[PDB]
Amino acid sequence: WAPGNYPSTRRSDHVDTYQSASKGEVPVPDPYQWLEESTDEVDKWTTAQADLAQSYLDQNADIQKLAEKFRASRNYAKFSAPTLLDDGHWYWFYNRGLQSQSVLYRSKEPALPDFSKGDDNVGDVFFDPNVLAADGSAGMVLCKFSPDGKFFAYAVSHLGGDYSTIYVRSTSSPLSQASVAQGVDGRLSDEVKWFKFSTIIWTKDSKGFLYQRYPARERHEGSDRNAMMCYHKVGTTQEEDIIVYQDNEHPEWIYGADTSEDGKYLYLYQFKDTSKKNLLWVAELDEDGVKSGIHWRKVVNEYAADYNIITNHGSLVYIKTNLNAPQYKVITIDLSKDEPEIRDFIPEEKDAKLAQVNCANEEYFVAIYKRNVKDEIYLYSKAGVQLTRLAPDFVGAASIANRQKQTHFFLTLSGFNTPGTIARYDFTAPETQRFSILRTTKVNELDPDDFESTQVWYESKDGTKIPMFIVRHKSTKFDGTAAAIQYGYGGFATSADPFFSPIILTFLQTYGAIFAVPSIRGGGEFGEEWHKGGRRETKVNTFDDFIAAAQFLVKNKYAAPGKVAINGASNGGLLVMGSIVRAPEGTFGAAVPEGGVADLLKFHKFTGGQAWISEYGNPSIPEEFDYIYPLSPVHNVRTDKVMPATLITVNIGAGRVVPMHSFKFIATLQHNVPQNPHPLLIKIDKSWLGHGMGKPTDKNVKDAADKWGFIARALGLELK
């Protein structure tokens, strides 16, 4: 590769006209409009680009070395929390280390295993999703056991497919290499097609489950509208499924459900966009079970807040909500009254987000609070008294795993240097012996104790103080010499939580680099106001926050000048692409946007773009075009600014941002600064991933070595 050696990219005469509130009609040339299409010409162009990128990476002999180190760092057994089913047996996922899909195991004995003996010594395979297809083209993307433990419902996606299909099997019928060689699959004939974008919710009689589906679509027919919440009865075909709810007048809205443990209530959630606002309707179930013509009580019938059911006791329903409470709280709504009475059960904390609440042991509550972007776990009594903090020395991210009716619960704990701890709380144990560690994840080659994470605060352009995690190998100094990889997402109220990555830690140890995770506005770290601080008309703050983080790393000698690289995916790819356009020349030394939005004027004209109007605004509204257009990366590339080395990565598939965003952005970079001194490249994986499907592990390792090696070489880092 050399500057100016990019594939020829045709420029059309296409112009789109938009209406600006401040400037009236604005004509916007779109010379790469044709990259919106799927054609021979586009295939040759993406092939030329991917060949150019691979040619450049081929010049870098260190990538293969990183692949070896990265594969080894991933090669350690991994496992989930176990779940006790009503058959008395415990089920958990187990991965031998490098398997592409983890395998669902079942305890040999009706007792909690001593997992120190080894998963294969205490459990047998129950469901191995690797055998769904002999060539790995099918993945299990969601599953749910029935409450009585007799059935296992599982959603399957295929390469090339745009929906998932739900299947059902008896829990006494394993799916394994042995079972498929020795006989038929063993599942029921049920085949529930057209499923996507909800969970699977069993009724508590275990007769069936609720799931969202879309209209059947022929190959050359006509978009994803007219979602329906449906009910599937086990042992029937889908033509007998009941439509529980649809709304022809609002064909864009989607649906969720929940069922109360006591069998009394069916709950319906409705969502009109990606804001955290939903309707909440409540139906009473009887002997008649789930039926068409269900009567809904429209308890929450305006879009104003997030409501998610926790549990109920009789007609008193406990709900996690952010109604008038942007850090969230628990309310009760008493349905015994004509006008429901609404009360705070666990009040909002001004400065800590209530992130999750589960009912445990029938009448207790386990709450996770996120304070300064670090999770804290507490146990509450039925009277709302905070009893104890669990795992008080844990620093990182926590989740709860339990079933409300049982006498125990688990916590799953991980963080930058905590690979994966599963703790157990046993209410039947003596009062000082209730909390224990069930399993700790043991990693390979790496020693997590060799790494430190800390949290520092910097100031954004408008004065706002923003926290940022910094992770380093403990021999790395903050003396103005390290490289930094700065990661972000920056949207949709998603929190940039601690997480464990053996590949990142291996990179940090290999090169003496640091990893930086700033909690930029648009995320949900500090509740819904933090999200509102970076969305629609304030979305510019997300970019200012991310740019100020990189400037702070260099100014305060965490990292060397010009040695901050940035990386992010989906919304985080938009973050990366807009950041390199907006920041002063030299702010970044490398950039890897993964599958981002980049045409912020046309994003809502494609597939899943409409739902994002709540996050970015609507380009077709003149007042909103005026704040979108200055931020749109495709429309703000200059000719006078040196760009960092950039490797754009694109994965094709269901539910992913359409790739024309990345295509237009890289075509526009190579048109505007063809002689850039640093390579501006794009790598496309043309396999069509189905919904929820990942790539095989070996491809993931190869892609990681390419990405991190590209960054290392761009920043001048050498293998010691």
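In this text, residue numbers run from 1 along the sequence as written.
Practice task
Using the PDB record, quantify the missing residues of the deposited sequence between residue 222 and residue 223 as none, 1 to 3, 4 to 9, or 10 or more.
Solution key: Gap between residue 222 and residue 223: 1 to 3 residues without coordinates.
Exercise for the section: Pick between 485-493 and 183-191: the one whose mean CA B-factor in the entry is higher. Expected result: Per the PDB record, 183-191.
Problem - Per the entry, higher mean C-alpha B factor between 2-10 and 711-719 - result: Going by the record's values, the stretch with the higher mean is 2-10.
Handout entry: Residue selected from 95, 199, 308, 311 by maximal Cα B factor
Key = Result of the comparison over 95, 199, 308, 311: 199.
Exercise for the section: Determine which member of 139, 463, 82, 534 has the highest CA B-factor, using the values in the deposited entry. Expected result: The listed residue with the largest C-alpha B-factor is 463.
Handout entry: Chain-wide C-alpha B factor ranking for residue 34, given as lowest, middle or highest third
Key = Residue 34: CA B-factor falls in the highest third of its chain.
Problem - Chain third (lowest, middle, highest) by recorded CA B-factor, residue given as residue 64 - result: It belongs to the middle third of the chain when residues are ordered by C-alpha B-factor.
Handout entry: Ranked C-alpha temperature factor of residue 118 among modelled chain residues, by third
Key = For residue 118, whose C-alpha B-factor we compare with every modelled residue in the chain, the answer is the highest third.
Exercise for the section: Would you check the entry's CA temperature factor for residue 376 and let me know if it's in the chain's lowest, middle or highest third? Expected result: According to the entry, residue 376 has a C-alpha B-factor in the chain's lowest third.
Handout entry: Third of chain Cα B-factors occupied by residue 688
Key = Tercile = middle for this residue's CA B-factor.
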